[PDB]
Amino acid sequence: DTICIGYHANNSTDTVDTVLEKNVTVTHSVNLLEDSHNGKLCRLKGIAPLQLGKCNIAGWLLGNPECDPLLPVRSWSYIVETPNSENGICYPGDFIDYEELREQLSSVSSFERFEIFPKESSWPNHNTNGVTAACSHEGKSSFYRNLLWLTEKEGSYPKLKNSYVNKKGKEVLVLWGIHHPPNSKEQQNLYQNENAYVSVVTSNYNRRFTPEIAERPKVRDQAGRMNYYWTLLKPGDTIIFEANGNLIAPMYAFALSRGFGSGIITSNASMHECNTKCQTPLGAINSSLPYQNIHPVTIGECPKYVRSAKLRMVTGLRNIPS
């Protein structure tokens, strides 16, 4: 009669590494690394992302005409640019502190787009119908939906002053532009005053702008330029615009709501009616395991990105069947 002590073996082919030995076959192991994605853009907490498509953040917020389908979207779980996000500033120029503006939008989960200065009541004694072929739409010259090109009327551009008081209970993003014509003749044809100025002031913002006339290498058929500026008007505060030329005035502004856990990613993936807790630019990934090697850029409740190709912990025994 005999009794023997022994241990379990099976047909597992799982392998793990240790410090003393590589590729040990074991009876049971656990993968610790998410290493697949579903190739889709998905909702977070039931909320879809804002897909800018062929537009970038500048084209969206200025209202580049080619971005009209974006205008009514009011809330999103993250912002998606494409490699094709080309429609931005259609009249060439510099977007001042653009990267800071993107950083601000990265924590915005919704906003209200509203008329800060109605077109036909805010700027008496000026023309408000300026368009340009650089911002075309339907093969016709057009302009930013959220700004307004003020020009002389009846050979005169009187000094203007207008103000807006923020009674939204939320920060208001205000954008405007300054036109820099290529030569003095265009300056006088558009704004009459050669030594024009613009002033924009809040309680905690102030800047003066001048025509800065200069002939530039042409971009999109324009020797002149338009610079773009923004500020965040805090609740209760007033913004004041003063000008005798060159102002590309605000028309629509944005009352901002802040949220946690948003961001901006660039992705070639398509939206589907899927749901995830963790989105990457390649696709959605699961969130149960501690690590992932799909992509360093993630949105949501996500595993930690690592470079590892394999992370596998043994739970069972060294497997020695026979």
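Heads up: residue numbers just count along the shown sequence, starting at 1. Superpose the two forms; the largest set of C-alphas matching within 1.5 Å is the rigid core.
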(Q) Fitting on the rigid core only, I'd like to know which of the two stretches, 232-240 or 78-86, ends up farther away in Cα terms in 9 other deposited structures of this protein. (A) 78-86
Q: After fitting on the rigid core, pick out whichever of 106-114 or 68-76 shows the bigger RMS C-alpha deviation in 9 other deposited structures of this protein.
A: 68-76
Q: Mind pulling up the entry and telling me whether 205-213 or 96-104 has the higher mean Cα temperature factor?
A: 205-213
Q: Using the B-factors recorded in the PDB entry, average over the C-alpha atoms of 309-317 and of 296-304, then report which stretch comes out higher.
A: 296-304
Q. Considering only 139, 118, 124, 245, which residue's Cα atom bears the greatest B-factor as recorded?
A. 139
Q | Residue with maximal Cα B-factor (values as given in the PDB entry) among 234, 179, 113, 145 | A | 234
Q. Relative to the other modelled residues in the chain, which third contains the C-alpha temperature factor of residue 43: lowest, middle or highest?
A. middle
Q.
Ranking the modelled residues of this chain by C-alpha B-factor as given in the entry, is residue 70 in the lowest, middle or highest third?
A. middle
Q: Relative to the other modelled residues of the same chain, rank the CA B-factor of residue 191 and answer lowest, middle or highest third.
A: highest
Q: State the tercile, meaning the lowest, middle or highest third, of residue 267 with respect to the CA B-factors recorded for its chain.
A: middle
Q) residue 277: which third of its chain by C-alpha temperature factor? A) middle
